[PDB]
Every structure is written in C-alpha cells, then in structure tokens.
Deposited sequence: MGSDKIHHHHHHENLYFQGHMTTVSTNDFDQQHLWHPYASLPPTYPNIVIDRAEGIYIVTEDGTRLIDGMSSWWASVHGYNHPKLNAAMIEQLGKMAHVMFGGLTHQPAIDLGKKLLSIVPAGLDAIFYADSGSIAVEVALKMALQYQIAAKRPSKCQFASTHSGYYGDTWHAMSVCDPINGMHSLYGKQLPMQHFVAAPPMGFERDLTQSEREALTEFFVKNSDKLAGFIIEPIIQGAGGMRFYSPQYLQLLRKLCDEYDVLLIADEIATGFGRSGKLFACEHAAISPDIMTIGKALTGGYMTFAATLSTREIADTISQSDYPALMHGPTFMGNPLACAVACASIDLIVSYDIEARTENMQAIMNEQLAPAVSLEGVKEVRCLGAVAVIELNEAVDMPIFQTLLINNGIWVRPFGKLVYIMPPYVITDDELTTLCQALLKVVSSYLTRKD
C-alpha cells in the first residue's frame, strides 16, 4: 500500500544521457551514493537489493574486499601501460587462468575494452581467417532471429550491412529438437555455407533478445554443421560466461567448444569495462602465416593491467564457489519462490535457468508504476518490454534471495492491480 517519489538531480536530468531514455527523461534517475554486498544505497540512505547485478556483471556483489584489494595492489604498480611493444604480468596471469578454464581448444586471447569491441574483433578474426584460408567468398555472417551481440555498427548487423538469419531456436532448455528443425538448420548450411565466414550465437541463453532459454541439442547440431560446412562457430559468452546458465561457460551444457568465444561482464566482477576474444590456434596461426599476418584491431587501452588484475581475482572467486552447486541452489529457490506468479492473470509464464529468473507478462511493463513499487519493497529490478527478470549475484544468501523473490512477487502482484 505505497508509492515512493524520488528526488530529481537537476543536472543529471538535463545534461546526461542514460542508456533507455531521452534527454530529459520523462522520469528522473535515482541518485546512488554507494553500494555494499548485494545492496545499492540511495543518496537518502535507502538500501535496495540489486536483483540485476548491474546488468549481469556484478556477480560478487559490490565493494568486495578481495576485488578491491586486487585493484589497489595493481594500482600501486601501474593502473595502465600501453600494450604496443610492451606486456605485463596481469595480462599473462589472466591469460593463463583463462586458458585453464575455457572450452578446450581456445588458445589465443585478444583483450578488448568492452563486449561490443570483443564482438567486433571476433567478426574481424573470422573474416581475416577465411581470406587467409583462400575462401574469400566466405565474407558474411549468420545468426538466429532473436540474438544480441552489442551496439557498435558491425555487432548491430547480426542483432535481430546485410547478414543471414535462421529461426530462433525453440524455447525450452529441456526440449528435444524435432527432425524438421534439424533438417531446416542443415538445409540452411547446405544452401549458404559458401557465403559464411561464421555463425554467431549466444549459447543457451539469448539475453537482451528476450531472455530465451534453448536446448543444448541446438548448440550440438550447430557445432557439427559448422565443422562439416567450414563455418566458424562464434559463441558470445559475454552475459553467460562465469556461471550464469548453471555451468561456468554455457557451451559446456552441449560439451562443445566454439572456434571463437567472447567474454566480458562478470570477467571483472562488474567493476570496470573489459572483455576478451578467444580463438583457436588454427585461427591465430592461419592469419599469422597469411599475407595479412597482423590482426587489424588495437584499442588504446588494450590489456589494461588494472582490469586484468581484478579479473584474476574475480575468476579465483568463481572457481572457489563450486559454481554448478551455487547456481543449482539459486535456480531451485527462484523456481520455488516465483512459480506462484503464474496464478496472476497478467503473467504469461515463469522460467528459471541457473542464476536467471524471468517472469514474462502478457503486456509491456509500465516502468514508472512498477518502479514506484520498487523502493518501498527494498529491491531494484529493471524490466524490459514484457520481461521482469533477475540475475542475482552468486554471493547472495538463501535468506537474501528469498527476500528478493518475495519482494519481487509482491511488486508484480501489486503492479498488476493498476
């Protein structure tokens, strides 16, 4: 029985763009002062459980002592040094850690400033590879109809220049493919493979594209087709990587390895922008031994040592958790607590996988109404379209997670009153 009204920072409101709002926005942004654990804290002292982990990334929560200490240790040596002609121990130590954990066969690492740049580099690698392999007709990309891979211009092109699309994979993590579905994908490759440098996909969970979960069988078939038809499989694990689907990398659900993989977000525990593009040795060698041996990208802050150092700490934490058990427990609690939402007339369905839960509504969320329910219930959630979803941090306790899910179910129920 409440509505909470936040106070507008006039400077923000007039002068600063934010990702999904006009300038000025119709409704002001909430000023956050600090954060700790699973909580963000408003300028007035109100603590809110961040159910979003700051868009998938803050998987250890906020103000983590180990992450902070790792950042500070590196700071005392150097925040940054250029990577042209120079290297450093954080880059080396991170690289060794990554090669020890990522899907087998990935052997070369291109550090990037952001996920979208990692994707741009993945696409460039694939193009240069095919040119080096003397298959210059293989100059386009394919994806499924429901994907998302970043907001830079090349990434935009395979998000739902011209590219090629197949059906969105069928919804349902436990659903078996049909013969018709298998044949259609196969037919797509028979028809188009000579034009395709690569097929790019988010493995298992398609995020910004609709929070869709699909079968590992789809990925298994895709891997086999890419093998037989000489198309590189590019797995965008920027959102899924480091545990989110219930395995360390979502590719593991299918027990496949991609030719190229992008990672980011949870890589640094959400502390700072950073990403990487990994490839096989075959790709790195083929390019490197070609007429164009240099990979034609190089961000100014490539390899940033501070990002590398926090990433080492973040990976060590993930490995320490028993990430499969942790996320299995998260899934079980979110499913139990949120399943009763289906009782509500304006709810379509509820679906949980690993450390992701989605309450899909029948109609688009009216954001101000929903949010004016947020503060009074002690939580922060950011819907998109018809989706009210959470991606909580792996450090969340059972009691904290229960509090978050009970609060969310109260918010959704109260919202569906208006």
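(Q) Ranges lacking C-alpha coordinates, please, mapped onto the deposited sequence and listed in sequence order. (A) According to the record, the gaps fall at 1 to 18, 179 to 191, 450 to 451.
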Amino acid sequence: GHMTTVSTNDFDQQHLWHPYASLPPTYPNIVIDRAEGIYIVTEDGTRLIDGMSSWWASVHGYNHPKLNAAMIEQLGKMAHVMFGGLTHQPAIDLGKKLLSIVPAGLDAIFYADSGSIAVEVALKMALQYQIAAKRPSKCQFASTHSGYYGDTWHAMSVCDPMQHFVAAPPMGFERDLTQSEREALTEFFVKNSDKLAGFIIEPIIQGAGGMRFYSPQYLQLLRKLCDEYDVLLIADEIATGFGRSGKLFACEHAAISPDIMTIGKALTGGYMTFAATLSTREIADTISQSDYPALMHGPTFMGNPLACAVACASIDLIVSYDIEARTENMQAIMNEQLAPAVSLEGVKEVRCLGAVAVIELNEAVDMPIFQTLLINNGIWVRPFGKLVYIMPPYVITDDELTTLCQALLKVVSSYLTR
From here on, numbers count along this sequence of modelled residues.
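(Q) Please compare 339 to 347 with 253 to 261 and name the stretch with the higher mean C-alpha B-factor in the deposited structure. (A) Comparing averages over the C-alpha atoms only gives 339 to 347.
Q: Tell me which of 103 to 111 and 217 to 225 has the higher mean C-alpha B-factor in the deposited entry.
A: Comparing 103 to 111 with 217 to 225, the higher mean C-alpha B-factor belongs to 217 to 225.
Q. Highest Cα B-factor in the deposition, which of 279, 140, 314, 300?
A. Of the options given, 140 has the highest CA B-factor in the PDB entry.
Q. Between 62, 370, 55, 380, which one tops the list for C-alpha B-factor in the PDB entry?
A. The listed residue with the largest C-alpha B-factor is 370.
Q) Would the CA B-factor of residue 232 place it in the lowest, middle or highest third of its chain? A) For residue 232, the deposited C-alpha B-factor lands in the middle third.
(Q) Using only modelled residues of the chain, where does the Cα B factor of residue 385 rank: lowest third, middle third or highest third? (A) As the PDB entry reports it, the C-alpha B-factor of residue 385 lands in the highest third of its chain.
Q: Would you check the entry's CA temperature factor for residue 87 and let me know if it's in the chain's lowest, middle or highest third?
A: Residue 87: CA B-factor falls in the lowest third of its chain.
Q. Lowest, middle or highest third: where is residue 360 by Cα B-factor in its chain?
A. Its C-alpha B-factor, which the entry lists for residue 360, ranks in the middle third among residues of this chain.
Q. Would the CA B-factor of residue 274 place it in the lowest, middle or highest third of its chain?
A. Lowest third, going by the recorded CA B-factors of the chain.
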